[PDB]
Amino acid sequence: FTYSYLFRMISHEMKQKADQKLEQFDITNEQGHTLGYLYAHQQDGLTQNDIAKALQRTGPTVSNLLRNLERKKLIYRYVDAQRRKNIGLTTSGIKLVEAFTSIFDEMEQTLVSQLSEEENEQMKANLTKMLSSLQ
Amino acid sequence: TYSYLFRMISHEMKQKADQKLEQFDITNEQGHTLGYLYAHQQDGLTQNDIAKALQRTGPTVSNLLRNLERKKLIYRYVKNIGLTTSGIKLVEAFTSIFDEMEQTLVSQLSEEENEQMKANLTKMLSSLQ
């Protein structure tokens, strides 16, 4: 009945559904954020350390994740010419990020199709006001 | 998008909770310790008991308890750790944080906007199973 219970149960359930979707590509939640992160910043060169930071996880944890992604050849790496290893997405890696990026859009549409046009509009405005009141 | 909004809100809700908690001069970890003691006092807890239930190291708990004891929120006897009356009263007071936050949000919308808002969220939550 409370907004705290509703907001948290939804977020929880949304993550549960999204991860459910990502596992059909045999990708975990964290592997998903890593891949997505690389897809959004492959323009200049990311190091294992950059990923660990933005991801807020330990080097050895990140190292083991890149290795797993690496064996599938979804990423590759080259030493920087300017003592650090840059990580890059492979073509299949880009296709995979594009494939499950469409699934997330699909989830957003399913949620929307749950309310009428007017209800969606009001819901979005009200969620915004509440998001501000807390900020 | 709903995904973005629901994640940002859950993030801010969490912070708001901590911010209010800090108004009692209590950290999140300190709050959990007190709460743990509040619900598991009946038999007598040692630092070890607290550390394992909280999944924290001996020094962390040792530090937490020391901070708490200097405020007389807890006490110890031959060593079991117990919650004092002010400690129990403080833990009960934590409830106002959830209530205050619920009302602050509610007061953002009209009475009907709230019923609509809550019914729609319930629907969305169901579609999510």
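Basis for what follows: all heavy atoms, side chains included, without hydrogens, waters or symmetry-related copies. First the proteins, then the strands, lettered A, B, ... as listed; each starts at 1.
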Taking all atoms of both residues into account, what is the closest heavy-atom pair of A:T2 and A:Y5, and its distance? CG2-N, 2.9 Å

Side chains of B:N80 and B:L45, heavy atoms from C-beta outward: is any pair under 4.5 Å? no

Could you check whether any side-chain heavy atom of B:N114 comes within less than 4.5 Å of a side-chain heavy atom of A:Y3, counting everything from C-beta outward? yes

Enumerate by number any residue of residues 11-43 of chain B whose heavy atoms lie under 4.5 Å from heavy atoms of chain A; in the absence of such residues, state 'none'. B:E12, B:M13, B:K16

Take atom CD of A:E98 as the centre, draw a 6.0 Å sphere, and report whether it contains more than 12 heavy atoms from other residues, nucleotides or ligands. yes

Are there residues of residues 55-79 of chain B that reach to under 4.5 Å of chain A by heavy atoms, and which ones? none

Can you pull out the residues in residues 105-117 of chain A with any heavy atom less than 4.5 Å from chain B? A:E108, A:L111, A:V112, A:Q114, A:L115

Below 30° counts as parallel, above 60° as perpendicular, anything between as tilted: where do the rings of A:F100 and A:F104 land? tilted

Report, by ascending residue number, the residues of residues 124-135 of chain A in heavy-atom contact with chain B at a distance under 4.5 Å; give 'none' if the set is empty. A:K124, A:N126, A:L127, A:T128, A:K129, A:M130, A:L131, A:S133, A:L134, A:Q135

